[PDB]
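Peer 1: The structure under discussion is supplied below as structure tokens; questions concerning it will follow.
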Amino acid sequence: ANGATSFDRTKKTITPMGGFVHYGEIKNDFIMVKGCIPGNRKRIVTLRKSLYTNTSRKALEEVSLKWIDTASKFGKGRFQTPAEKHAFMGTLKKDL
Amino acid sequence: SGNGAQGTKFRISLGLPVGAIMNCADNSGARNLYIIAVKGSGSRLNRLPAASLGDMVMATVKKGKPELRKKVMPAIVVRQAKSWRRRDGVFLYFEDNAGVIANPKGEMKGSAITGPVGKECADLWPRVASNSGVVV
Amino acid sequence: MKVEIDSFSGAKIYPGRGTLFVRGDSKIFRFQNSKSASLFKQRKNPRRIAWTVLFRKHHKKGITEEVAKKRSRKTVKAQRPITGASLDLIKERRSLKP
Amino acid sequence: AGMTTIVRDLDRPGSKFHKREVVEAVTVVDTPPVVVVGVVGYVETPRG
Amino acid sequence: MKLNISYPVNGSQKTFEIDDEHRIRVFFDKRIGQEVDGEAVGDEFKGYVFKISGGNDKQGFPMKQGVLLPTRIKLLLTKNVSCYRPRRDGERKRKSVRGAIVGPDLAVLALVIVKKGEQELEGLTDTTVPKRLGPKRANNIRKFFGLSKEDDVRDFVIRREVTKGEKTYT
RNA sequence: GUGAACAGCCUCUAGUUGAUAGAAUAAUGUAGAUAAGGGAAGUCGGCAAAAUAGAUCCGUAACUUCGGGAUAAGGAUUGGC
RNA sequence: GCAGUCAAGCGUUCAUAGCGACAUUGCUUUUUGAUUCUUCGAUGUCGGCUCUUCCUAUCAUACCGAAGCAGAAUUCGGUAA
RNA sequence: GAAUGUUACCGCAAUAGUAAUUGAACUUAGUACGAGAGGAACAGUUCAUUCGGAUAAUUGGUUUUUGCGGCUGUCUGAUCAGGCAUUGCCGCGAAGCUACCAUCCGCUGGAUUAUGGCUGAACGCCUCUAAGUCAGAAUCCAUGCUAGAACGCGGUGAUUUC
RNA sequence: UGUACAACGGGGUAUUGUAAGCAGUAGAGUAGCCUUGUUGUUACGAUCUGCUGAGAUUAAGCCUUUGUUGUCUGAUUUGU
RNA sequence: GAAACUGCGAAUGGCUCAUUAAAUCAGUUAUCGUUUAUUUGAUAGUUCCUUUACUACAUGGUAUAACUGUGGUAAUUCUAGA
Ligand SMILES: CN1C(=O)N[C@H]2[C@@H]3NC(=O)c4ccc(Br)n4[C@@H]3C[C@]21O
Ligand SMILES: [Mg+2]
Ligand SMILES: [Mg+2]
Ligand SMILES: [Mg+2]
Ligand SMILES: [Mg+2]
Ligand SMILES: [Mg+2]
Ligand SMILES: [Mg+2]
Ligand SMILES: [Mg+2]
Ligand SMILES: [Mg+2]
Ligand SMILES: [Mg+2]
Ligand SMILES: [Mg+2]
Ligand SMILES: [Mg+2]
Ligand SMILES: [Mg+2]
Ligand SMILES: [Mg+2]
Ligand SMILES: [Mg+2]
Ligand SMILES: [Mg+2]
Ligand SMILES: [Mg+2]
Ligand SMILES: [Mg+2]
Ligand SMILES: [Mg+2]
Ligand SMILES: [Mg+2]
Ligand SMILES: [Mg+2]
Ligand SMILES: [Mg+2]
Ligand SMILES: [Mg+2]
Ligand SMILES: [Mg+2]
Ligand SMILES: [Mg+2]
Ligand SMILES: [Mg+2]
Ligand SMILES: [Mg+2]
Ligand SMILES: [Mg+2]
Ligand SMILES: [Mg+2]
Ligand SMILES: [Mg+2]
Ligand SMILES: [Mg+2]
Ligand SMILES: [Mg+2]
Ligand SMILES: [Mg+2]
Ligand SMILES: [Mg+2]
Ligand SMILES: [Mg+2]
Ligand SMILES: [Mg+2]
Ligand SMILES: [Mg+2]
Ligand SMILES: [Mg+2]
Ligand SMILES: [Mg+2]
Ligand SMILES: [Mg+2]
Ligand SMILES: [Mg+2]
Ligand SMILES: [Mg+2]
Ligand SMILES: [Mg+2]
Ligand SMILES: [Mg+2]
Ligand SMILES: [Mg+2]
Ligand SMILES: [Mg+2]
Ligand SMILES: [Mg+2]
Ligand SMILES: [Mg+2]
Ligand SMILES: [Mg+2]
Ligand SMILES: [Mg+2]
Ligand SMILES: [Mg+2]
Ligand SMILES: [Mg+2]
Ligand SMILES: [Mg+2]
Ligand SMILES: [Mg+2]
Ligand SMILES: [Mg+2]
Ligand SMILES: [Mg+2]
Ligand SMILES: [Mg+2]
Ligand SMILES: [Mg+2]
Ligand SMILES: [Mg+2]
Ligand SMILES: [Mg+2]
Ligand SMILES: [Mg+2]
Ligand SMILES: [Mg+2]
Ligand SMILES: [Mg+2]
Ligand SMILES: [Mg+2]
Ligand SMILES: [Mg+2]
Ligand SMILES: [Mg+2]
């Protein structure tokens, strides 16, 4: 329940359906960073402490996540959990 | 924007470069608005000044009451066509391009506004809020 | 955080996903993606498109166990006589006869 | 690893979007514990 | 949101306001006619099973059974239907209605007890309000008391005492 | 065979399979294409490109040397069985 | 084309806040001339598009000083490309 | 990319380059000032322009995924399944590439200029200046950022037997 | 010579939008025989329906893997 | 006798002269070509079941306003749950 939150509550990791495209499943501790970072997926990346203390009011804002999208990134993603997908479509030809 | 428009405006995708013609949504008699400029725009070599929903433009009237024609007057874009995106993360677009003729203060000309209106236009311009039944 | 649903397909539209269309009659149409969005603009009729919710509904597809029996009911069998009627004289008045 | 979307309520008193939800792009970086295999010292020199 | 709850056995009704959206969130995406297990509403309601009978959203608009939707739509109304009282003969009016699917927009949810929990509720299973009126017509008296029409109804009609000054009447 | 057709597209007969080759698929090109919103604001200039198009029916202005203008313009229609 | 010095005058009064006659000293080389040194066994010879860099005699943006600067607006000047 | 033993890892930083810009609204304030008409700015806040460096969650664009479906003509006796028409045509189309058509990010110290000052003689007075000195700008030098001198450099690992 | 690598197969993800085959009292209808009909029968009919959100494709720069098969010492060159 | 149900009325009135040129309208016809609340006058022994162990006729059925009580909305001759 990495991707779960106070508001979300459903137990799920951050890994999108069918995993991150081109990467994998994220089975360990991670950083989530607002917005986009330089470099591409799978690349070695350094996260460094800031060189200055910033006030700015735009920083310092303590934020709590509401909901994180766990849907598939390998297509037009619809469902979040594999449960929610069986929930909505129901029983299929293979299944039970 | 910038004159008599109370509050500020978050950036919205530009659907109307100069020369675009949009429907006129009020009862002033004006059928359409030909955009000759955009208030409070920028400058870059060869860039076309563009207008977005909520902006104030200078325009003319191509079809309309001949007393509205051959003259330049300010107007406010009430509806886009080009899909724009609000902070709440939605990508939305109207059916037609439309705006109403307005005095520099940002007060209307006619008393009514036919069709829906963007909130970004509404929040920004008080008088528009008055005459607009359907917001967004 | 409202998860919306598509006005064509019927699938849930989670935040940020898809697109929104304000028709001239000021009726709103939300799509989960370009597929429904186009198909809507193509004047396709969803009850004719096999994968829409409308379709499977109208054609009655996969509703089986939602058509079965259910138990929801209650039991009371009480006595709370007419007001101001002295319900102390309203008990011994009814054991009936027969 | 890649990216995803997040929704949170915004606290920015004065902003039109104060107290209202905003969807936001993010990235994720897989960061399993690094391990310390050595330490090097450095001295100041007129050269550097 | 506020809850307007009613015990159809006693005739008792009390309101409860519930903050903390998670607790509220049990009712979401739920229709009118579906039942709720009250463990999740709180621990005071544990073991009580509820019924969603209606309610009013913000702006107070009523719900309507059957409309589905978690929204507010406009409908043409006629005689003998909910949320419309006609002011003229064959008068119809197109009015706004709120959907029957519960949503966070609702200011008040109308609830009807089905079964009783393990804890007595302060104003409900505790107090009971007697029916306003007793039988009027012939056999209804007979069939309230099961009289097997012989027994002479006029004895079995219910009487209401009232005091006029120092003179009490029946 | 399709169709109005010696058009275009596909085949029978006959004749070919000749034009250095291999591996890749950067920039730039040459040739074929697509682009949200706007719509000539580009430019000497709509250069280019795009739009139109068959047939049946309906409808068709100025003006004219009465012969025209004229497919004027503007419309609806088209499969299969 | 641009900037000086003298200060009769303009500026209600007051030469020089801001201007400035008669004169006079200069700078500049995106004006035009004047000349004809260089290229006539050829340095592609309008304009635009485009891209870079440089100049400051600064239109704007930074900080100042002055006023016939109350405020607002504006004008003169400095450091400034 | 030869050669400064070989090979590998981690670093230093000469020198060179450098970057951010401009506006508006709220508030200050119908305040200061003014007879009035009119009417500011400093701090605080929210956005915006031009610029730059990324980036593809989302949305849009692209389609030889020739992925799926549809359609015309013809050819394989028919069916199934297919071929040919310079990618035959059409709808949808993942992946990638990509867009102020999408989203994110764009640092803070010092020394100065003009200028306004302190102290202060020359010149018993007076003077920001002569000696000495304070404050100071979109400037400057750093910080930061990008290269890394292939003839600038440091630390560390392993260093061959037929 | 091992949470080794590879080629397939499985599962997830994703795209299209309901496969072939078979069946039906679906179907504007149409023929042929007689026992000339108190659903008379054998068939044929664009299309519809059910099995069937099926079938197909899915890494070629998707995710994954207790299954299967196979691979794991050729060449050159370097010294203070 | 409030309220409310029920029944009736709200289609008369009053106003205006916009359209309307064989339309309206006028006089004169027609319904053996139709509908008509009301008023007025006439008009109804028949209703059940293979027809002795029999059907409530000394009269069969609930479901609602008003009311009570819990509610929503800035807001109306709004109204919801019980
Ligand atoms: C381009 N050229 C060319 O072909 N010959 C040269 C000529 N030299 C000149 O003196 C002259 C006078 C007028 C002109 Br034009 N030019 C020409 C310039 C030049 O370089
Ligand atoms: Mg991905
Ligand atoms: Mg994706
Ligand atoms: Mg230009
Ligand atoms: Mg004209
Ligand atoms: Mg109004
Ligand atoms: Mg598309
Ligand atoms: Mg797309
Ligand atoms: Mg050749
Ligand atoms: Mg060739
Ligand atoms: Mg070749
Ligand atoms: Mg190319
Ligand atoms: Mg295309
Ligand atoms: Mg275009
Ligand atoms: Mg156009
Ligand atoms: Mg034009
Ligand atoms: Mg032009
Ligand atoms: Mg021209
Ligand atoms: Mg043209
Ligand atoms: Mg051309
Ligand atoms: Mg086109
Ligand atoms: Mg012509
Ligand atoms: Mg036809
Ligand atoms: Mg003189
Ligand atoms: Mg003076
Ligand atoms: Mg004078
Ligand atoms: Mg000049
Ligand atoms: Mg001359
Ligand atoms: Mg010369
Ligand atoms: Mg020469
Ligand atoms: Mg020459
Ligand atoms: Mg030459
Ligand atoms: Mg040359
Ligand atoms: Mg030449
Ligand atoms: Mg260029
Ligand atoms: Mg003075
Ligand atoms: Mg100065
Ligand atoms: Mg420069
Ligand atoms: Mg310089
Ligand atoms: Mg050697
Ligand atoms: Mg104010
Ligand atoms: Mg004054
Ligand atoms: Mg700039
Ligand atoms: Mg940019
Ligand atoms: Mg195909
Ligand atoms: Mg065919
Ligand atoms: Mg077959
Ligand atoms: Mg062939
Ligand atoms: Mg050919
Ligand atoms: Mg794409
Ligand atoms: Mg710093
Ligand atoms: Mg002093
Ligand atoms: Mg000084
Ligand atoms: Mg000095
Ligand atoms: Mg001195
Ligand atoms: Mg700066
Ligand atoms: Mg320094
Ligand atoms: Mg920096
Ligand atoms: Mg080096
Ligand atoms: Mg070294
Ligand atoms: Mg192998
Ligand atoms: Mg199907
Ligand atoms: Mg490649
Ligand atoms: Mg297997
Ligand atoms: Mg009348
Ligand atoms: Mg009933």
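Determined by X-ray crystallography, 3.5 Å, according to the entry header.
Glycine is no exception: its Cβ is also placed from the backbone N, Cα and C atoms.
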Peer 1: Pick from E:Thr127, E:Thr163: which does Swiss-Prot describe as phosphothreonine?
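Peer 2: Per Swiss-Prot, the residue annotated as phosphothreonine is E:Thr163.
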Peer 1: May I ask you to name which of E:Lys46, E:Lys74, E:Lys115, E:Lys149 Swiss-Prot has annotated as ubiquitin cross-link?
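Peer 2: With Swiss-Prot as the source, ubiquitin cross-link is noted for E:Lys149.
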Peer 1: Here are some residues: E:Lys64, E:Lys116. Which is flagged as ubiquitin cross-link in Swiss-Prot?
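Peer 2: The candidate carrying the ubiquitin cross-link note in Swiss-Prot is E:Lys116.
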Peer 1: Swiss-Prot annotation ubiquitin cross-link: which of E:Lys93, E:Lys131 has it?
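Peer 2: Going through E:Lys93, E:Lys131 one by one, Swiss-Prot annotates E:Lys131 as ubiquitin cross-link.
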Peer 1: Listed in sequence order, which of the recorded positions E:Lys116, E:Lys149, E:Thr163 sit with a CB under 8 A of chain C?
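Peer 2: Listed recorded positions passing the 8 Å Cβ cut to C: none.
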Peer 1: Rounded to an integer, what is the Cα-Cα distance in Å between E:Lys131 (ubiquitin cross-link) and E:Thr163 (phosphothreonine)?
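Peer 2: About 20 Å separate the Cα atoms of these two residues.
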Peer 1: What does DSSP assign E:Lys116 (ubiquitin cross-link), in three states?
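Peer 2: Assignment for E:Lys116 (ubiquitin cross-link) reads coil.
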Peer 1: Give the number of CB atoms, excluding that of E:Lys131 (ubiquitin cross-link) itself, located within 10 Å of its CB.
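Peer 2: E:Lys131 (ubiquitin cross-link) is surrounded by 13 other Cβ atoms within 10 Å.
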Peer 1: So if I measure Cβ to Cβ from E:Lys149 (ubiquitin cross-link) and keep only same-chain residues at least 6 apart in sequence, which ones fall under 8 Å?
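Peer 2: Same-chain residues close to E:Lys149 (ubiquitin cross-link) (Cβ under 8 Å, separated by 6 or more) are E:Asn139, E:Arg142.
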Peer 1: Which one is it: of the recorded positions E:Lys116, E:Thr163, which Cβ has the fewest other Cβ atoms within 10 Å in this structure?
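Peer 2: Ranked by other Cβ atoms within 10 Å, the recorded positions E:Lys116, E:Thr163 bottom out at E:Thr163.
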Peer 1: According to DSSP, which kind of secondary structure is E:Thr163 (phosphothreonine) found in, if we only use helix, strand and coil?
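Peer 2: For E:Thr163 (phosphothreonine) - judged by DSSP and reduced to three states - the answer is strand.
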